[PDB]
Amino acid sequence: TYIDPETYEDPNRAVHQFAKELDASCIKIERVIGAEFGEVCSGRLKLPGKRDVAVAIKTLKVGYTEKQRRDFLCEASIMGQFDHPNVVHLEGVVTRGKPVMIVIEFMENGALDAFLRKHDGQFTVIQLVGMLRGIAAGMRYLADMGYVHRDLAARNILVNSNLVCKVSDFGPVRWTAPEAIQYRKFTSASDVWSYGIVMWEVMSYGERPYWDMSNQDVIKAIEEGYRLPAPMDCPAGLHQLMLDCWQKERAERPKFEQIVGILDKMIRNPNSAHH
């Protein structure tokens, strides 16, 4: 089961429990790939006897306080509790004595929303469904561990060379269930609403949910019963599942295990996605 690292009297204890300390000299930074806390780089990590693995390296820019280090490292305390093929994997951390780092499996194709926009129209229904199935499997794992994501969005899904999609978080009214927006009720059931939004993002190749509508106009429309339509070439049964994820009454939304089951049926018989 997931443990909130902030139930720990000392935040550093959580870091040392769930995140392996790495030797800095075994880490090679190669290129900058992103700009919070510091730069994000790609590189390699040396493993004894094994070939080097490609990693993403999140750095803590120098001049930080004790306090800033704490919040940065909290992420490793969270990540390192998970072990699932559709949840991004923590290799480890450098916490003292050397430049502070979080070291993560490298995901070549980056964030799923930008990836899809770049490859607009290039994936078959079955391929897009495989991507959604991976995300759903990652969420099913997280939900079962008692972890509520709270910011599930295609921008928070990472893609590797093999098109495998993994749940991540880069640290959002249009992705959020109404009960979470209004009453701050964040649960796996509110993550299911977010997932429905992710489904829409994927089937539309990284279009912005609700396009140019203001946050207040999104909230109002949702309250009035508005729901986003099926994207171009999106089968009716996939859109129906989006509609199910977007039920006002959270108890009526499917569970992730049911979502995976439904997508599996679609991968097994592609025709059952239209009905």
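Numbering starts at 1 and follows the sequence shown.
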What lies unmodelled of the deposited sequence between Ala35 and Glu36 amounts to 1 to 3
According to the PDB record, deposited residues with no modelled atoms between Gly121 and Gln122 number none
With B-factors read from the PDB entry, the higher C-alpha mean of 71-79 and 128-136 is in 71-79
Avg C-alpha B-factor, entry values, 192-200 vs 154-162, higher side is 154-162
Note to self: of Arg227, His239, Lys46, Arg250, the C-alpha temperature factor tops out at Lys46
The largest CA temperature factor among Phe115, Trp175, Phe170, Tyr141 is found at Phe170
Temperature factor at the Cα of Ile259, chain-ranked in thirds, falls in the lowest
Tertile call for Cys234 (CA temperature factor, within chain, third-based) is the middle
Chain thirds by Cα B factor, record data; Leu243 belongs to the lowest
